[PDB]
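Visitor: Quick one: this structure, given as structure tokens, is what I'll be asking you about.
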Amino acid sequence: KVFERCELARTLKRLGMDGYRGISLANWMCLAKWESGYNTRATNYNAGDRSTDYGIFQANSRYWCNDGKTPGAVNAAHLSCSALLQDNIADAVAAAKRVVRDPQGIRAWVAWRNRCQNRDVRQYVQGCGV
């Protein structure tokens with residue numbers, strides 16, 4: 001499923017993402033935008049280390065979910081990577097919450113540093129009623 005902007009904003013809000021570990025909804029939206037373009041089926045294979053990023057927040061199979069084919073992989077969010085390709089993003093959200101409970105917080109996603117950190121992210125939630 002490819003979410004429309006405000007549809008996603010409300011979905012994330014209902015899932016308890018607004019202010020989770022101090023992260024605003026606009027930051028989560030900027031992250032989802034740059035990571036997957038709001039596409040729940042987004043996948044990106046990393047030939048270099050043989051891992052794959054799954055779903056709307058692109059969780060890496062080397063550490064966050066299990067797909068069985070990633071060398072020396074761990075499953076920190078304790079989920080099958082398949083769970084991160086569903087239209088229902090509840091599990092992807094739980095995994096994203098797990099990531100930010102670590103010290104880096106939202107900084108765990110490099111794409112966030114490059115295109116959301118210290119930027120005007122108001123546009124992601126403007127007009128969505130959140």
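Identifiers for the structure tokens are assigned positionally: chains receive A, B, ... in sequence, residues are indexed from 1 per chain, and ligands are indexed from 1 in the order shown.
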Could you go through chain A and tell me which residues DSSP, when run on the backbone, assigns to strand (DSSP E or B), listing them as a list in words?

Guide: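 Restricting chain A to strand (DSSP E or B) produces residues 2, 20, 23, 39, 43, 44, 45, 46, 51, 52, 53, 54, 59, 60, 66 and 80 of chain A.
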
Visitor: Excluding residue 10 in chain A and residues on its chain fewer than 4 positions from it, collect all residues at most 12 Å away from it, counting only C-alpha atoms, and give them as a list in words.

Guide: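 Counting only the stated atoms, we get residues 3, 4, 5, 6, 14, 15, 16, 17, 18, 25, 26, 28, 29, 124, 125, 126, 127, 128, 129 and 130 of chain A.
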
Visitor: Dump as JSON lines the rows for residues of range 11-80 of chain A within 8 Å of range 99-117 of chain A: closest atom pair and distance in Å with one decimal, only C-alpha atoms counted, ordered by chain and rising residue number.

Guide:
{"residue": "A:21", "atom": "CA", "partner": "A:100", "partner_atom": "CA", "distance": 7.0}
{"residue": "A:23", "atom": "CA", "partner": "A:106", "partner_atom": "CA", "distance": 7.3}
{"residue": "A:27", "atom": "CA", "partner": "A:116", "partner_atom": "CA", "distance": 6.8}
{"residue": "A:30", "atom": "CA", "partner": "A:116", "partner_atom": "CA", "distance": 6.0}
{"residue": "A:31", "atom": "CA", "partner": "A:112", "partner_atom": "CA", "distance": 5.7}
{"residue": "A:34", "atom": "CA", "partner": "A:111", "partner_atom": "CA", "distance": 6.8}
{"residue": "A:35", "atom": "CA", "partner": "A:111", "partner_atom": "CA", "distance": 6.9}
{"residue": "A:64", "atom": "CA", "partner": "A:99", "partner_atom": "CA", "distance": 7.9}
{"residue": "A:77", "atom": "CA", "partner": "A:99", "partner_atom": "CA", "distance": 7.8}

Visitor: Just checking: using only C-alpha atoms, which residue out of A:8, A:2, A:76, A:93 ends up closest to residue 39 in chain A?

Guide: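 Going through A:8, A:2, A:76, A:93 one by one, the smallest distance to residue 39 in chain A is for A:2.
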
Visitor: So that I can see what lies close to range 42-50 of chain A, please list as a short mmCIF file (atom, residue, chain, number, x, y, z; two decimals) with C-alpha atoms, in the first residue's frame the residues with an atom at most 10 Å from it, counting only C-alpha atoms and leaving out residues fewer than 2 positions away in the same chain.

Guide:
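Written output follows (out_9.cif):
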data_model
loop_
_atom_site.label_atom_id
_atom_site.label_comp_id
_atom_site.auth_asym_id
_atom_site.auth_seq_id
_atom_site.Cartn_x
_atom_site.Cartn_y
_atom_site.Cartn_z
CA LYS A 1 0.00 0.00 0.00
CA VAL A 2 1.29 3.47 -0.81
CA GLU A 35 12.94 5.83 3.45
CA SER A 36 10.12 4.34 1.36
CA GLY A 37 8.05 7.15 -0.14
CA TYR A 38 5.28 5.84 2.17
CA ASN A 39 5.29 2.45 0.37
CA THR A 40 4.65 -0.44 2.79
CA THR A 52 17.61 -6.19 3.11
CA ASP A 53 15.65 -3.16 4.38
CA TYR A 54 11.90 -3.83 4.68
CA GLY A 55 8.76 -1.75 4.71
CA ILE A 56 7.69 1.79 5.28
CA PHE A 57 10.60 2.58 7.67
CA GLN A 58 13.05 0.24 5.94
CA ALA A 59 14.06 -1.98 8.87
CA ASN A 60 17.33 -3.81 8.20
CA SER A 61 17.14 -7.62 8.41
CA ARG A 62 20.69 -7.81 9.82
CA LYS A 69 18.81 -15.27 4.39
CA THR A 70 20.88 -12.52 6.07
CA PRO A 71 24.37 -13.67 7.23
CA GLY A 72 25.23 -13.08 10.90
CA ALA A 73 21.84 -11.52 11.43
CA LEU A 84 6.97 -5.39 7.67
CA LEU A 85 5.47 -5.72 4.17
#

Visitor: For residue 83 in chain A, which residue out of A:68, A:33, A:7, A:95 is the nearest one, using only C-alpha atoms?

Guide: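 Checking each of A:68, A:33, A:7, A:95 against residue 83 in chain A, counting only C-alpha atoms, the winner is A:95.
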
Visitor: Write out as a list in words the residues lying within 10 Å of residue 82 in chain A, counting only C-alpha atoms and excluding same-chain residues fewer than 4 positions away.

Guide: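 Here the answer would be residues 41, 54, 55, 65, 66, 67, 86 and 91 of chain A.
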
Visitor: Store the residues picked out above, limited to N, CA and C atoms, as a PDB file, in the first residue's frame.

Guide:
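Written file, result03.pdb:
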ATOM      1  N   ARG A  41       5.401  -1.821   0.923  1.00  0.00           N
ATOM      2  CA  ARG A  41       6.074  -2.960   0.299  1.00  0.00           C
ATOM      3  C   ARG A  41       7.522  -2.656  -0.133  1.00  0.00           C
ATOM      4  N   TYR A  54      13.325  -3.533   4.939  1.00  0.00           N
ATOM      5  CA  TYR A  54      11.903  -3.831   4.683  1.00  0.00           C
ATOM      6  C   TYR A  54      10.896  -2.813   5.172  1.00  0.00           C
ATOM      7  N   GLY A  55       9.874  -2.601   4.349  1.00  0.00           N
ATOM      8  CA  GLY A  55       8.763  -1.752   4.713  1.00  0.00           C
ATOM      9  C   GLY A  55       8.867  -0.257   4.694  1.00  0.00           C
ATOM     10  N   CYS A  65      14.630  -7.448  11.908  1.00  0.00           N
ATOM     11  CA  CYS A  65      13.630  -8.461  11.620  1.00  0.00           C
ATOM     12  C   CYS A  65      14.383  -9.648  11.025  1.00  0.00           C
ATOM     13  N   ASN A  66      13.721 -10.800  10.989  1.00  0.00           N
ATOM     14  CA  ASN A  66      14.339 -12.014  10.476  1.00  0.00           C
ATOM     15  C   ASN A  66      13.766 -12.462   9.145  1.00  0.00           C
ATOM     16  N   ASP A  67      14.646 -12.654   8.159  1.00  0.00           N
ATOM     17  CA  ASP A  67      14.218 -13.139   6.854  1.00  0.00           C
ATOM     18  C   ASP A  67      14.924 -14.458   6.519  1.00  0.00           C
ATOM     19  N   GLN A  86       3.267  -5.668   5.217  1.00  0.00           N
ATOM     20  CA  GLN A  86       1.800  -5.683   5.250  1.00  0.00           C
ATOM     21  C   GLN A  86       1.258  -4.280   5.008  1.00  0.00           C
ATOM     22  N   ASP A  91       2.911  -3.528  12.948  1.00  0.00           N
ATOM     23  CA  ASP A  91       4.183  -4.196  13.278  1.00  0.00           C
ATOM     24  C   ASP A  91       5.425  -3.380  12.876  1.00  0.00           C
TER      25      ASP A  91
END

Visitor: One decimal, in Å: what's the spacing between CA of residue 123 in chain A and CA of residue 24 in chain A?

Guide: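 CA of residue 123 in chain A sits 12.8 Å away from CA of residue 24 in chain A.
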
Visitor: Could you give me, as a ChimeraX atom specification, each residue of chain A that DSSP assigns to alpha helix (DSSP H) when run on this structure's backbone?

Guide: /A:5-14,25-36,90-100,110-115

Visitor: Kindly save the residues from that selection, with N, CA, C and O atoms included, as a compact mmCIF listing (two decimals), in the first residue's frame.

Guide:
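Output file part01.txt follows:
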# COMPACT_ATOMS: atom_id res chain seq x y z
N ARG A 5 -0.13 11.19 2.12
CA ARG A 5 0.45 11.94 3.24
C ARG A 5 -0.35 12.01 4.55
O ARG A 5 0.06 11.44 5.56
N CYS A 6 -1.50 12.69 4.52
CA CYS A 6 -2.29 12.84 5.74
C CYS A 6 -2.89 11.55 6.28
O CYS A 6 -3.08 11.40 7.49
N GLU A 7 -3.17 10.61 5.38
CA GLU A 7 -3.68 9.31 5.76
C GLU A 7 -2.63 8.64 6.66
O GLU A 7 -2.95 8.09 7.72
N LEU A 8 -1.37 8.69 6.22
CA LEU A 8 -0.28 8.12 7.02
C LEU A 8 -0.13 8.86 8.35
O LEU A 8 0.02 8.22 9.39
N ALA A 9 -0.14 10.20 8.32
CA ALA A 9 0.01 10.99 9.55
C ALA A 9 -1.00 10.55 10.63
O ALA A 9 -0.63 10.32 11.79
N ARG A 10 -2.25 10.38 10.24
CA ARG A 10 -3.28 9.94 11.19
C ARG A 10 -3.06 8.50 11.62
O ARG A 10 -3.25 8.15 12.80
N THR A 11 -2.64 7.65 10.70
CA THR A 11 -2.40 6.26 11.02
C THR A 11 -1.31 6.17 12.08
O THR A 11 -1.46 5.47 13.08
N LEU A 12 -0.21 6.90 11.87
CA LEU A 12 0.90 6.91 12.84
C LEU A 12 0.46 7.49 14.18
O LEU A 12 0.85 6.98 15.24
N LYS A 13 -0.37 8.54 14.15
CA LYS A 13 -0.85 9.15 15.39
C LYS A 13 -1.66 8.15 16.21
O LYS A 13 -1.41 7.98 17.41
N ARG A 14 -2.60 7.47 15.55
CA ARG A 14 -3.42 6.47 16.22
C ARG A 14 -2.57 5.33 16.77
O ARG A 14 -2.93 4.71 17.77
N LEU A 25 5.52 13.66 15.25
CA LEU A 25 4.90 12.99 14.13
C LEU A 25 5.53 13.47 12.82
O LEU A 25 5.76 12.67 11.90
N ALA A 26 5.82 14.77 12.72
CA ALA A 26 6.44 15.34 11.50
C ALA A 26 7.79 14.68 11.20
O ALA A 26 8.17 14.55 10.03
N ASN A 27 8.54 14.31 12.24
CA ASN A 27 9.82 13.65 12.03
C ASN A 27 9.61 12.24 11.50
O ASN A 27 10.29 11.83 10.56
N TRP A 28 8.65 11.52 12.08
CA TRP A 28 8.34 10.17 11.60
C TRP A 28 7.89 10.21 10.12
O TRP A 28 8.24 9.32 9.34
N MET A 29 7.13 11.25 9.76
CA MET A 29 6.63 11.42 8.40
C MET A 29 7.77 11.70 7.42
O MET A 29 7.78 11.20 6.29
N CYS A 30 8.71 12.55 7.85
CA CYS A 30 9.86 12.87 7.01
C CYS A 30 10.67 11.59 6.82
O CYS A 30 11.06 11.26 5.69
N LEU A 31 10.82 10.81 7.88
CA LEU A 31 11.56 9.54 7.80
C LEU A 31 10.91 8.56 6.81
O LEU A 31 11.57 8.04 5.91
N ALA A 32 9.60 8.34 6.97
CA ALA A 32 8.86 7.42 6.08
C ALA A 32 8.92 7.90 4.63
O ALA A 32 9.06 7.10 3.70
N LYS A 33 8.85 9.22 4.43
CA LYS A 33 8.90 9.78 3.10
C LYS A 33 10.22 9.42 2.39
O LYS A 33 10.22 8.87 1.28
N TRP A 34 11.33 9.73 3.04
CA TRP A 34 12.64 9.47 2.46
C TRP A 34 13.08 8.03 2.46
O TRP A 34 13.87 7.63 1.60
N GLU A 35 12.57 7.23 3.39
CA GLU A 35 12.94 5.83 3.45
C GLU A 35 12.22 4.97 2.41
O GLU A 35 12.86 4.18 1.70
N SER A 36 10.92 5.17 2.26
CA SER A 36 10.12 4.34 1.36
C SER A 36 9.13 5.07 0.47
O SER A 36 8.45 4.43 -0.34
N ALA A 90 1.04 -1.65 11.78
CA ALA A 90 1.20 -1.79 13.22
C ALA A 90 2.54 -2.43 13.61
O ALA A 90 3.22 -1.92 14.50
N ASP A 91 2.91 -3.53 12.95
CA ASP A 91 4.18 -4.20 13.28
C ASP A 91 5.43 -3.38 12.88
O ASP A 91 6.44 -3.40 13.58
N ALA A 92 5.35 -2.68 11.75
CA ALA A 92 6.46 -1.85 11.28
C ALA A 92 6.65 -0.73 12.30
O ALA A 92 7.79 -0.32 12.57
N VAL A 93 5.54 -0.24 12.84
CA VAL A 93 5.56 0.82 13.85
C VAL A 93 6.19 0.31 15.15
O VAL A 93 7.01 1.00 15.76
N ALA A 94 5.83 -0.91 15.55
CA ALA A 94 6.40 -1.50 16.76
C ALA A 94 7.91 -1.66 16.59
O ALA A 94 8.68 -1.44 17.52
N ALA A 95 8.34 -2.02 15.39
CA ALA A 95 9.77 -2.17 15.12
C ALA A 95 10.45 -0.81 15.16
O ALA A 95 11.59 -0.70 15.64
N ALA A 96 9.81 0.21 14.59
CA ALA A 96 10.37 1.55 14.59
C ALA A 96 10.50 2.08 16.03
O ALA A 96 11.49 2.74 16.36
N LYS A 97 9.53 1.74 16.87
CA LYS A 97 9.55 2.14 18.28
C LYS A 97 10.70 1.45 19.00
O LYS A 97 11.41 2.06 19.81
N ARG A 98 10.92 0.18 18.66
CA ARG A 98 12.00 -0.58 19.26
C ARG A 98 13.34 0.05 18.92
O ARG A 98 14.20 0.22 19.79
N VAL A 99 13.53 0.43 17.66
CA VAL A 99 14.77 1.06 17.23
C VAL A 99 15.08 2.30 18.06
O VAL A 99 16.18 2.44 18.56
N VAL A 100 14.09 3.18 18.22
CA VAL A 100 14.32 4.42 18.96
C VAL A 100 14.45 4.32 20.48
O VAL A 100 14.75 5.31 21.14
N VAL A 110 20.17 6.82 8.92
CA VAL A 110 21.04 7.82 8.34
C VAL A 110 20.28 8.78 7.47
O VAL A 110 20.55 9.98 7.47
N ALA A 111 19.28 8.27 6.75
CA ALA A 111 18.49 9.11 5.87
C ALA A 111 17.82 10.25 6.66
O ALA A 111 17.57 11.32 6.11
N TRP A 112 17.55 10.02 7.95
CA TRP A 112 16.93 11.04 8.78
C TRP A 112 17.92 12.19 8.99
O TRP A 112 17.55 13.35 8.88
N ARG A 113 19.17 11.86 9.26
CA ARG A 113 20.21 12.88 9.45
C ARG A 113 20.40 13.72 8.21
O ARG A 113 20.49 14.94 8.28
N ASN A 114 20.41 13.05 7.05
CA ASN A 114 20.61 13.73 5.77
C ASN A 114 19.44 14.60 5.34
O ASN A 114 19.66 15.64 4.73
N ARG A 115 18.21 14.18 5.60
CA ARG A 115 17.11 14.99 5.12
C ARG A 115 15.96 15.40 6.01
O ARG A 115 14.94 15.90 5.52
